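**Student:** Under the entry's author numbering, the letters of the sequence shown match residues 43 to 145, 152 to 307, 318 to 490, in that order.
Cβ coordinates follow ideal geometry from the N, Cα and C atoms, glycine included.
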Amino acid sequence: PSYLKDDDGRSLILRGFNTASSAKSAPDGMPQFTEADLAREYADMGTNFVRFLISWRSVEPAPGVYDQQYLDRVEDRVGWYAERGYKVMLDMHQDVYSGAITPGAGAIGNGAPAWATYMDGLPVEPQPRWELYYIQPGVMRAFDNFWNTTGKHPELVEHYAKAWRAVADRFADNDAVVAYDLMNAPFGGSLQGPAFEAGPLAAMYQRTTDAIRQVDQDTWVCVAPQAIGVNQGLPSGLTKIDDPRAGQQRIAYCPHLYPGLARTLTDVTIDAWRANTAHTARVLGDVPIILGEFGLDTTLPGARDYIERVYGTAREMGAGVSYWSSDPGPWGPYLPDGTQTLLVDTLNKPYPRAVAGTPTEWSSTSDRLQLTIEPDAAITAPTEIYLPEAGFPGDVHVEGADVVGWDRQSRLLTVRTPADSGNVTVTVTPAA
Ligand SMILES: *[C@H]1O[C@H](CO)[C@@H](O[C@@H]2O[C@H](CO)[C@H](O)[C@H](O)[C@H]2O)[C@H](O)[C@H]1O
Ligand code: NA
Numbered sequence: 043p044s045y046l047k048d049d050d051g052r053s054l055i056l057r058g059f060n061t062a063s064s065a066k067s068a069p070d071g072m073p074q075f076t077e078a079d080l081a082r083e084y085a086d087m088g089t090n091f092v093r094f095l096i097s098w099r100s101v102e103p104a105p106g107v108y109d110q111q112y113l114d115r116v117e118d119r120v121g122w123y124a125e126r127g128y129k130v131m132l133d134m135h136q137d138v139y140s141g142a143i144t145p152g153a154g155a156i157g158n159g160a161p162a163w164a165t166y167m168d169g170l171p172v173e174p175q176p177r178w179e180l181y182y183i184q185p186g187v188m189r190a191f192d193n194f195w196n197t198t199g200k201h202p203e204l205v206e207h208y209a210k211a212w213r214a215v216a217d218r219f220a221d222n223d224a225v226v227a228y229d230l231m232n233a234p235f236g237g238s239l240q241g242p243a244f245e246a247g248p249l250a251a252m253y254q255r256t257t258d259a260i261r262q263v264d265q266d267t268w269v270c271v272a273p274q275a276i277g278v279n280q281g282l283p284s285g286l287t288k289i290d291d292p293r294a295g296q297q298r299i300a301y302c303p304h305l306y307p318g319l320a321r322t323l324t325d326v327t328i329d330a331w332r333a334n335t336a337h338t339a340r341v342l343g344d345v346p347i348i349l350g351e352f353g354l355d356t357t358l359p360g361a362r363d364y365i366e367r368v369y370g371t372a373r374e375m376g377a378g379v380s381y382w383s384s385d386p387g388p389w390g391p392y393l394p395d396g397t398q399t400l401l402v403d404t405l406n407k408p409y410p411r412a413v414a415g416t417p418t419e420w421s422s423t424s425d426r427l428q429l430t431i432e433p434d435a436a437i438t439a440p441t442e443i444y445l446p447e448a449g450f451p452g453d454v455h456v457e458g459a460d461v462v463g464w465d466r467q468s469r470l471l472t473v474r475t476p477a478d479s480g481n482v483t484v485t486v487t488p489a490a
């Protein structure tokens, strides 16, 4: 398994949230999420990652005209993350194309600006569940116009690529920004399956990557498969994307996961998903994997077991994870009054954040972490590990490594391992 790396070459294990679905409808493009809310998230779970929702309608409110005041706002929020040691993936988010699909901000449909939305007078009648808007004639049309399946709008993917370039231009020298997730939940309209993914989807990813690389050579470009089918464990037809940057490719794979009998189904679905994800990660060039979206109603029986099974699969796969989502509700870490859900204790586990070498295997319980590293002598920065206070209330006991520092406030343990002695196993336990 492959990993994104920080500037010191350490391999990243990414744990965080999607922040946030409230941005979809916000006039100013921002989530209802404050610097205090991040401090709570950090205090409670020690997260080191966010998938941060941005929008094309906010980037490019008119054709060819980028809103630098919106990018200022995004940059302000990234600043919060940066100050608490987070890595940031920016997600160009849409669902159901645009808020402009009924009488581009919106709570349901969201993403593209009005000027880029061409339903051509075709209906979008109300539906019992929101996902059904996808197949309504005007939405199918909005998408066919975007991918130029109609031949009527070749300019749209060109505007899209250059709106992404405007964003990368602002963030190219931001040390907190590590990834650009190019399109949330790609939907092909009248095109589905590999003819979509190998077709206009890949062709957009290529143009967009290329445009981003005019102004940002180092940020990882993350690509997703088509959402329908692949979310549920079907194989993707996505083809390799070329990274024009000098040296090694920086493309990662950013799939979603949305699966007595109901349990067995869910179990084989995760197995199917892992095998399919691992395949496409190989096709794209043995790329790092980020599980960009997964979540559920935490109040449903069997929820924690499912969450834990997903996170263990992510761990085994070397994947990053951004949970859907930080918004208040029974899916998130906190109910609206601020009360913790079962997710908080479930997620609040020790984990290596930045490893001085390749993590080959690791495990953690609430009062033990074990990690095996494949050495790298060119790395001088220490291995950095998060330890929760419940399980590690004082000092640490470390075997297989020397303690460089133990910050009991930030909860970051830094250790140094031998690089000239093969694979190293570090074990961390609370001091007697
Ligand atoms: C993947 O799946 C998520 C859960 O279904 C989506 O979030 C949902 O989006 C809808 C429509 O916009 C509403 O905002 C829901 O509140 C929200 O949970 C993600 O958008 C999608 O990428
Ligand atoms: Na950066």
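Would you identify the three-state DSSP class for residue 192, choosing helix, strand or coil?
**Tutor:** helix
**Student:** Within this structure, are the beta carbons of residue 346 and residue 113 separated by less than 8 Å?
**Tutor:** no
**Student:** Leaving out five residues before and five after residue 57 in sequence, what residues of the same chain have Cβ atoms less than 7 Å from its Cβ?
**Tutor:** 89, 90, 91, 379, 409
**Student:** Quick test of your reading: residue 327 and residue 281, contact by CB under 8 Å. State the CB separation rounded to the nearest angstrom.
**Tutor:** 5 Å
**Student:** When every heavy atom of ligand 1 is checked, does at least one fall within less than 7 Å of the C-beta of residue 210?
**Tutor:** no
**Student:** Cβ of residue 382 versus every heavy atom of ligand 1: is any distance shorter than 7 Å?
**Tutor:** yes
**Student:** Let me confirm a value: residue 414 is counted as buried when at least 16 other C-beta atoms fall within 10 Å, else exposed. Which label applies?
**Tutor:** buried
**Student:** From what residue to what residue does the alpha helix (DSSP H) around residue 121 run?
**Tutor:** 110–125
**Student:** Where does the unbroken alpha helix (DSSP H) through residue 98 begin, and where does it stop?
**Tutor:** 98–101
**Student:** Using 8 Å as the cut-off, can you tell me whether the stretch 192–211 makes contact with the stretch 251–259, which would need three or more C-beta pairs spanning the two stretches below that distance?
**Tutor:** yes
**Student:** Measuring only the C-alpha atoms, how far is residue 228 from residue 269?
**Tutor:** 5 Å
**Student:** Counting Cβ pairs, one atom from each stretch, are 3 or more of them under 8 Å apart for the stretch 164–172 and the stretch 254–265?
**Tutor:** no
**Student:** Should residue 404 and residue 374 be called a contact, given that it needs their Cβ atoms to be closer than 8 Å?
**Tutor:** no
**Student:** Kindly confirm or deny that the stretch 77–88 and the stretch 380–396 touch, where touching means at least three C-beta pairs closer than 8 Å.
**Tutor:** yes
**Student:** So within the stretch 220–246, which uninterrupted beta strand (DSSP E) runs reach at least 3 residues, ignoring any that extend past its ends?
**Tutor:** 225–229
**Student:** With a Cβ-Cβ cutoff of 8 Å, do residue 73 and residue 64 count as a contact?
**Tutor:** One thing to note: residue 73 has its Cβ within 8 Å of the Cβ of residue 64.
**Student:** Secondary structure at residue 465, three-state DSSP: helix, strand or coil?
**Tutor:** strand
**Student:** If residue 263 sits next to residue 220, beta carbons under 8 Å apart, how far is it from one beta carbon to the other, in whole angstroms?
**Tutor:** 6 Å
**Student:** Mind the definition here: the stretch 170–180 touches the stretch 116–125 only if three or more C-beta pairs lie below 8 Å; say whether that holds.
**Tutor:** no
**Student:** Quick check on the DSSP output: the alpha helix (DSSP H) that includes residue 334 runs from which residue to which?
**Tutor:** 319–343 is the extent of the alpha helix (DSSP H) around residue 334.
**Student:** Can residue 223 be considered in contact with ligand 2, in the sense that its beta carbon sits closer than 7 Å to one or more heavy atoms?
**Tutor:** Yes - ligand 2 has a heavy atom lying nearer than 7 Å to the Cβ of residue 223.
**Student:** Here's the rule I'm using: 16 or more other beta-carbon atoms within 10 Å means buried, otherwise exposed. How should residue 50 be labelled?
**Tutor:** By the beta-carbon neighbour count (other beta carbons within 10 angstroms, threshold 16), residue 50 is exposed.
**Student:** Under 7 Å from any heavy atom of ligand 1, does the C-beta of residue 63 make it?
**Tutor:** yes
**Student:** Is it right to say residue 479 is buried, meaning 16 or more other beta carbons lie within 10 angstroms of its own, or is it exposed?
**Tutor:** exposed
**Student:** Can you tell which of 454, 463, 399 has the C-alpha that lies nearest to the C-alpha of residue 362?
**Tutor:** 399
**Student:** Tell me the DSSP bridge mates of residue 423?
**Tutor:** 426
**Student:** On a Cα-Cα basis, can you pick out the residue from 482, 481, 445, 467 that is closest to residue 489?
**Tutor:** 445
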